[PDB]
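So the sequence lines, in the order shown, correspond to chains M and I. Mapped onto PDB author numbering, the consecutive letters of the first sequence carry residue numbers 64 to 114. Mapped onto PDB author numbering, the consecutive letters of the second sequence carry residue numbers 160 to 211.
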Amino acid sequence: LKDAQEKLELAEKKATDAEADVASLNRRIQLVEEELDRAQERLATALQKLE
Amino acid sequence: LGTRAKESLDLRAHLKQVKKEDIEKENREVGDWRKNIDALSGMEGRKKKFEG
């Protein structure tokens, strides 16, 4: 159907936009993982200085 | 004079012994426990159950 055709096209476009946000969330995940590792290391050094 | 001095010395000697040697009974309590880290390894659960 023509309207179902437009709807499916719009939904697939919405899927692709969700995939663009999937990319952005992947970038957030990776950078925050770097942050997690850096925090582990910095906390270790801070506790050592405490000792 | 020596007798009076030694009286006070001996009197304080036992007090010092009790105050100090008894510290050696335990001094490890300063040592803290593990306080381990996770390193993004303890992320193995979903939002299925929360009450328990």
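Idealized CB from N, CA, C, for every residue including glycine.
Could you work out which residue in the options is closest to residue i when comparing CA atoms only?
i        : options                         : result
I:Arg193 : M:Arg105, M:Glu96 and M:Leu110  : M:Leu110
I:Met202 : M:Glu75, M:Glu96 and M:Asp66    : M:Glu96
M:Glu114 : I:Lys184, I:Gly190 and I:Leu174 : I:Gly190
Residue i touches chain I at which residues, Cβ-Cβ below 8 Å?
i       : result
M:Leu99 : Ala198 and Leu199
Chain I partners of residue i, CB-CB under 7 Å?
i        : result
M:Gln103 : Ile196 and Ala198
Going along chain I, which residues have a C-beta under 9 Å from residue i?
i       : result
M:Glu96 : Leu199
Stretch pair the stretch 94 to 110 of chain M + the stretch 195 to 206 of chain I: three plus CB contacts closer than 8 Å: yes
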